[PDB]
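Here's a solo chain for you in structure tokens, the form deposited in one PDB entry.
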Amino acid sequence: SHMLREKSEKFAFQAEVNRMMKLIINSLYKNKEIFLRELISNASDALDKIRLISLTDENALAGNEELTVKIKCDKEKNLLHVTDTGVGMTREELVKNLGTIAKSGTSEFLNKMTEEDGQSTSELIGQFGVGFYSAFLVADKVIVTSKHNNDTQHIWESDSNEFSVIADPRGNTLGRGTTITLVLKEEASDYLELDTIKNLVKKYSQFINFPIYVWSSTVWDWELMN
């Protein structure tokens, strides 16, 4: 419209990355803690996907009949867990979709991600880029435990430079869905406190149609946060 070849995937990737780049900076200038918001939204979207799938595939929720989001803090082990029972991710998705983005130099493999899928690098960046990279505002590493209906449970790790994926030695523990694990920095220890997580979760979960729980306490159990 004002530049050459704006319809190109090269331009679409740059425009999407610029958009994400501006969303994270703007959040840092106003201090908005978008990552947990993005995690709850991204978990809700995965539940929407598997529920849309269940509308046509009768045996889609067989691995896990509940549609929840469960957030858990491990102040001892310094970990943040966001677990959804959504569509889940196959190993192919973790490697060729998320892995291609997480691995450095993603802009080299734009045409490799173009050869009809309906999921291009720029589209994946616009959909999941803000949530993925805002996690590195508070975390040093992102570990993804995911079990899709058409694959076995895998575990996937990245520091936004390299990535690695193995099969879960524990087997099929999720049934279906994804657990996002953030290895938070020491300067992000505030988000291991129950009160700040419960408050932030209830804020971002007020308008979510899916039940969202937080591991709360002399006995611990899942607490409804609406």
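Numbering starts at 1 and follows the sequence shown. Here, rigid core means the biggest group of C-alpha atoms that superpose within 1.5 Å across both forms.
Below, we refer to the form deposited in another entry, which is not included among the displayed structures.
When the two forms are superposed on their rigid core between the shown form and the other one, the C-alpha shift of 2 Å or more among 130, 71, 139, 87 belongs solely to 130. Superposition of the core reveals a Cα shift of 2 Å or more for residue 32 between the shown form and the other one. Relative to the superposed core, residue 204 undergoes a Cα shift smaller than 2 Å between the shown form and the other one. Annotation: residue 21/residue 141 CA-CA distance shorter in that other deposited form than in the displayed model, change of at least 3 Å.
In that other deposited form, the CA atoms of residue 184 and residue 30 come closer by at least 3 angstroms compared with the shown structure.
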